[PDB]
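K.L.:
One structure is given below, represented as structure tokens, and several questions about it will come after.
Coordinate-derived values only; no laboratory data. Backbone-built Cβ (ideal geometry, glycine too); neighbour counts: all protein chains shown.
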Amino acid sequence: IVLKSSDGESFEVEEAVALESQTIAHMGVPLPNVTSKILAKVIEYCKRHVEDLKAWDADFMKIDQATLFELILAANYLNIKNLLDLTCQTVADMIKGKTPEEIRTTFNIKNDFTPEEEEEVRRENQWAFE
Amino acid sequence: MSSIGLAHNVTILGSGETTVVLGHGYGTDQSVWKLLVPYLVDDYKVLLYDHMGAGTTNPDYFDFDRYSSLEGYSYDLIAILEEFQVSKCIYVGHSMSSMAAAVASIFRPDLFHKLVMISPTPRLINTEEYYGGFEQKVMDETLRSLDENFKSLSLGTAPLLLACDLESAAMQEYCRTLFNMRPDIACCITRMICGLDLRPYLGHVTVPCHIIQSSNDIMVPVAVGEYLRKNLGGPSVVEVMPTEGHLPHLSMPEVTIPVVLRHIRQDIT
Amino acid sequence: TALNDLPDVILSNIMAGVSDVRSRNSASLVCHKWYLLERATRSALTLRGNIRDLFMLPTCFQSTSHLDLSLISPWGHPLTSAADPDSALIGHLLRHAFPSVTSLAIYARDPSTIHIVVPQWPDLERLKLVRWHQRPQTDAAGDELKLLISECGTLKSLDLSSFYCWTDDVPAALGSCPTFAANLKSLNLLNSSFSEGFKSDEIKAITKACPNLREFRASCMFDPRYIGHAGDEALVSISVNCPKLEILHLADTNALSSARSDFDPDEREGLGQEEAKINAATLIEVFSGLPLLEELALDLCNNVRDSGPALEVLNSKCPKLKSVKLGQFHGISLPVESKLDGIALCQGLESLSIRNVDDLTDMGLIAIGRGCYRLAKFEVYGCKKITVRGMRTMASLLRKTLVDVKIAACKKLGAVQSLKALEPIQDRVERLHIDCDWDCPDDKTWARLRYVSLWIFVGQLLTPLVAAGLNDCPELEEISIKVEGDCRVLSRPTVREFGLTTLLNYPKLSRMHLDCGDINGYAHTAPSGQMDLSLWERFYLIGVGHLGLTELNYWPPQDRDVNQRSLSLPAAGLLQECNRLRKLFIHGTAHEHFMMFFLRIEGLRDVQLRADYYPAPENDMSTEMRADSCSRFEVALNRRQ
Amino acid sequence: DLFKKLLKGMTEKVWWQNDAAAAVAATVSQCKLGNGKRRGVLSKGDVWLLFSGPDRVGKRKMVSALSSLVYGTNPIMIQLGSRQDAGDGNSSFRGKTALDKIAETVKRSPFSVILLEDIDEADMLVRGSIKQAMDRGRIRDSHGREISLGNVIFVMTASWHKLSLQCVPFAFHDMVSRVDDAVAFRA
């Protein structure tokens, strides 16, 4: 089976590799919502799934923020539970160990909390044993 | 409940018409009577409290000016007794607390029916003619240790001076609980104890006093019982039990407890 | 693109992956959308607060499924008092605040607390009761546990491992309603605080009432000297009545004690050392009756001899077996020539725990290593004949999988010998326990070592630990030190300090467990020329401030005669010096003056005095702990800006 | 069989108390064999005996005979009345009362005989605790800890005057009712 990226690049694929994706297995096969290298890595992971492993999963994630979010969107679109799960875990890893200001700085998030709100939220948070 | 009952952790147990008030020594709290209380609740009403210097009380309520003399503790005891409607109480006190109870009885004789004294002494510092306590040097060393602990705590460091570091082997046992408080409060209480002198006031005590001492005690001499018997203005009796340590009512209950109940229940004196 | 531009489904999936509570609290303060996501995806909550201000409870946590109310300050305080008519409002408040609770853990100080709080959630699936205090007196037996039985109920899992009660309460409550007992899928009764274990008849009744159990743990007594002791009939009844069992954990009450002097045959004055009423044939029938078994634990305080054939039958009759824990089982591995036998035939084992085996030798260890080639966790206790050679060869055999090793109370295996024996798996072991025994006669980077547990006798130093071989541990994060012994007979230590500054050799160390609660000494009155527990607390806690610890669990030494575990002045003063502390849990008692010392720590958030030992102090007149002191300390700590 | 096997020894040691010795021999034999009182439907191993009578030394050596015969061990000497000697008043135990001593001895020695001298002169708290232990089968120490009784042989020496109910003061009537057996030593 040969797919096609949104930009027009057409890549082949194996059988079980395509069957890894629920969307692909359900459904030329144009893919107008994905890029080219996005397809490269997603099909690479599906291949490795067909073929101890956590090292491979980790070294897969040595990518920038924007490409990781492209992988987020592609995994959601093609409906791979493994891809979505470990990519979301990778995202949540940057959340751990950072103050709200650090998260906003590294995630480009605008703060919309008034000081009274932030204080009420902190008071609510005091009821949890961390 | 009331502010006085909350600042002193006052608890009321038992039933009956006669009230027994248990006053712990300095450095401990009302939990030292946990072995004596069960023997009393059946036929007596037990009142337990912590004096303001105790580690179980709020350190903010401690007034350094008021509690630099025994009269502050006596007034606190009187206020506690009047707040809970207690009359003709039987006061059982440890060392340096029975003295405050005696001063309170001097102020308010009607509040006390009898006084039970566990190793008391009117003055802790020996003089040339009065031997009823310790030498000035052995307690000067304790004061120095407490001052060093307070100084170290003021700087954020750990107070690492203990009563077991003293060499007297009687200072170690007697002052063991003096390190069980905040260092500044401990220094204030220890200085109050050092400056205490109730020898002139012994003649004004009229309520019967039951004095209980340890046999051949190495800390508080047995002659103090005879001195108190001779100088107390009211009836008094002295009993000796074969115990040791600063807290016979906790470390040797099987011997101390029967004597305490016998003196509480017997009133002839 | 950013998160706010992403669809909310992936954002919720990401937020659900955040498990650390501190990071969740940080994320809830990022923006409004993140606040809603975090509040909607939070599943587990351990309530932190006081009884007084329970009506100030937040209502945002509407989606929490597991709720833990056992740590509400004051610790162990009765959540509901029958003397207060408004105590029934707490049940409604909790029901409204957390309507989606399926797992609940609550401190059951009073039967009224159970009767008011537990029936609030009909859809409750798992329940954990905690009580370290005295059992309230009831007219009959099992009355307080009968309050669990609700008209609308599916309680599936019941946990009483920390709920002190009489052993006759459980069978009485289980026999009251057949439906409730039949609905149970898990039952945990592995409570070490029981005065004596379950009788044979009680075990039979419990297993008869619950035929659908999948996991079963119980503290039973197997001493034949007592009457009604659990024996062959009890085990056969367990096998017959519960054929679906996947986890079976039977242990003597003494075997669960924290102090080694309670279960170690060498440390008991002639106790134990006698055959129990368990035979190889009985074990064979029991194992034949349990085809779905996955985890097996038989930790007895009485010897069972020639148990090899039963362990051989275990491999054939239990294909799914993965974990075995044996206590005082003898002849588990008696190789002849080269043929494997006993526990060595269970090739499917993943973790093996061995305690007090007299017949075990070096050849037995080699056979265990060669046969159980899939072993990932190995624990050996009280084996007098195994040496460094056998353990080292066994570790070399299990080099590909062994990551968790525990070597305790082995006469010929000291600290140095244990560290030398674990040489082949030095670069792969992750969790490690050794005994700090320096008196045993006769490239070095622990790359993956993350947790180290130590046991040391009272009065011994910690300085030789680095010279022993535990030198370079770049990944060591948490160390647990347990100190046991009677210091009433020891003299003043010649060395001033225990040597906690030795732990500065490990740069990543941030969590500590200092368990001195099994030290017996003098609390406030020493007889003459002796040393109180304050001196030992100072000896052990000197230098704790130099370590960059962020979490610390401390167990103050106890005075058994007067039943108190009070904090001393040097201990509080030294704990105050820890500037980087974030959580500080003290498993004892401390009055207000010493507790207020900890406000000098700026980063301190979680502080609690947890008397999780039997018996906990009953009221305020029994110890130096007062509810008002705890409330004032909590208010002052929450006042810090 | 058991009865005589211990009876002839008891007679050897205390021959002035033959009838009482025979009675307690029978009671102990059926209690250990199981033909005795039950803590409800469930059987109990603990046996409580009340040894009245003014013969003190005979009583002491007599329970010693039972201790050396049925268990082959020495008795444990706990006193409660005005009989304290230089052995019971142990300051080594430190913060232990009489009830604490009883609980500690029972915990450390679940298989022995316990001789409690002068239950008549014991404190009200101690007698209440003994009643609680006899009812519930567990004895509580001064710190609230509960300790199982095992099958400890319990003998309490009173001094009222087979025990007749008429010679027992009213306060001790419930103890006599609950006790497994009561034996009156001859003068």
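K.L.:
Work out the charge dipole of the range D:2-184 with +1 on the Cβ of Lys and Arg and -1 on the Cβ of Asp and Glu about the Cα centre, then indicate which of D:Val179, D:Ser109, D:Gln17 is farthest towards its positive end.
P.N.:
After comparing all options, I get D:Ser109.
K.L.:
OK, next. Which of the pairs C:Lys156/C:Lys199; A:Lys4/A:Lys98; A:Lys47/C:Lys339 have their Cα atoms more than 32 Å apart in this structure?
P.N.:
The answer is A:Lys4/A:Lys98; A:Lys47/C:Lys339.
K.L.:
Further question: Compute the signed sum of charges (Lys and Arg +1, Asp and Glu -1) over the other residues within less than 9 Å, Cβ to Cβ, of C:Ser353.
P.N.:
Neighbour charge sum, excluding C:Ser353 itself: +2.
K.L.:
A follow-up question, please. Compute the whole-percent fraction of alpha carbon pairs in the range C:1-42 spaced more than 15 Å apart. Don't jump to the answer; show the numbers that get you there.
P.N.:
Working: 277 of 861 pairs.
Here the tail beyond 15 Å accounts for 32 percent of pairs.
K.L.:
Treating the beta-carbon of each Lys and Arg as +1 and of each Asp and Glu as -1, no other charges, what is the dipole magnitude of chain B about its Cα centre, to the nearest 20 debye?
P.N.:
Details: 18 positive and 31 negative charges, 84 e Å.
Here the size comes out at about 400 debye.
K.L.:
Residues with beta-carbon under 13 Å from that of C:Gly153, excluding C:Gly153: net charge, scoring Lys, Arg +1 and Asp, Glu -1?
P.N.:
Around C:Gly153, the surrounding residues sum to 0.
K.L.:
Could you work out the relative contact order of the range C:340-442, using alpha carbon pairs under 8 angstrom and six or more residues apart, expressed as a whole percent?
P.N.:
Once normalised by length, the contact order is 25 percent.
K.L.:
Let me ask something else. Considering the options C:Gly91, C:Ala140, C:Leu71, tell which one lies farthest towards the positive end of the dipole of the range C:46-151, charges being +1 on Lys and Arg and -1 on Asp and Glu at the Cβ, about the Cα centre.
P.N.:
C:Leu71
K.L.:
Could you give each residue of the range C:492-506 its phi-based ³J(HN,Hα) in whole Hz, using Karplus coefficients 6.51, -1.76, 1.60 with θ = phi - 60°, and x for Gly or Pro?
P.N.:
Karplus values, whole Hz, x for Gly and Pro: 4, x, 6, 7, 5, 10, 5, x, 5, 5, 4, 5, 5, 5, 9.
K.L.:
Towards the positive end of the charge dipole of the protein assembly as shown, with charges on Cβ (+1 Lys, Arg; -1 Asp, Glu), say which of B:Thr28, B:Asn58, A:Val34 has the farthest Cα.
P.N.:
B:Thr28
K.L.:
What's the center-to-center distance, using Cα atoms, between the range A:59-130 and the range C:248-298 in Å?
P.N.:
If you average the Cα positions of each part, the centres end up 49 Å apart.
K.L.:
Another question, if that's okay. For D:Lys4, go through the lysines and keep the ones whose alpha-carbon is under 22 Å away, minus same-chain ones fewer than eight residues off.
P.N.:
Of all the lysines, those that pass the test against D:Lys4 - Cα under 22 Å, at least 8 places apart if same chain - are D:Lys13, D:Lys32, D:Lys37, D:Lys59, D:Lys61, D:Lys162.
K.L.:
Another question, if that's okay. Provide C:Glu295, C:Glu592, B:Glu173 in ascending order of the number of other Cβ atoms located within 10 Å of each residue's Cβ, fewest first.
P.N.:
Least crowded to most crowded, the residues run C:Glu295, C:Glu592, B:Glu173.
K.L.:
If the only charges are +1 at each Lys and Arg Cβ and -1 at each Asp and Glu Cβ, what is the size of the charge dipole of the protein assembly as shown around the Cα centre, to the nearest 20 debye?
P.N.:
Working: 130 positive and 156 negative charges, 443 e Å.
The dipole of the protein assembly as shown has a size of about 2120 debye.
K.L.:
Straight-line reach from D:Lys107: which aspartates and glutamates have a Cα under 14 Å away, not including same-chain ones fewer than 8 places off?
P.N.:
The qualifying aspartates and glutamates are C:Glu196, C:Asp262, C:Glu269, D:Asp46, D:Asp141, D:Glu146.
K.L.:
Suppose only helical runs count, i.e. DSSP H with n ≥ 4. What mean residue ellipticity at 222 nm does that imply for the protein assembly as shown under -39500 (n - 2.57) per run, divided by all residues and rounded to the nearest 500 deg cm²/dmol? Before the final figure, lay out the partial values.
P.N.:
Values: 44 runs with 408 residues, N = 1227.
Theoretical 222 nm ellipticity from helices: -9500 deg cm²/dmol.
K.L.:
So what's the gap between the Cα centers of the range C:177-237 and the range B:93-145, to the nearest angstrom?
P.N.:
60 Å
K.L.:
Related question: Going by C-beta contacts inside 10 Å, put B:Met192, C:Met595 in order with the fewest on the left.
P.N.:
B:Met192, C:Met595
K.L.:
Continuing with the same structure: By the scheme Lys and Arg +1, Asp and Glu -1, what is the net charge of all other residues having a beta-carbon under 11 Å from that of D:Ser29?
P.N.:
+2
K.L.:
Kindly flag which residue pairs out of C:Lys128/D:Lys96; C:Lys146/C:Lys204; C:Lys128/C:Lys583; B:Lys34/C:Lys325; C:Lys444/C:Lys482; B:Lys114/B:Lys137 have an alpha-carbon separation exceeding 31 Å in this structure. List each step's numbers first, then the result.
P.N.:
Values: C:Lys128/D:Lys96 35 Å; C:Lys146/C:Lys204 19 Å; C:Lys128/C:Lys583 24 Å; B:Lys34/C:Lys325 43 Å; C:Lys444/C:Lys482 25 Å; B:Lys114/B:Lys137 35 Å.
With Cα atoms farther than 31 Å apart: C:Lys128/D:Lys96; B:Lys34/C:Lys325; B:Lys114/B:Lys137.
K.L.:
Compute the distance from the alpha-carbon center of the range C:315-349 to that of the range B:5-42, in whole Å.
P.N.:
Going from one Cα centre to the other spans 60 Å.
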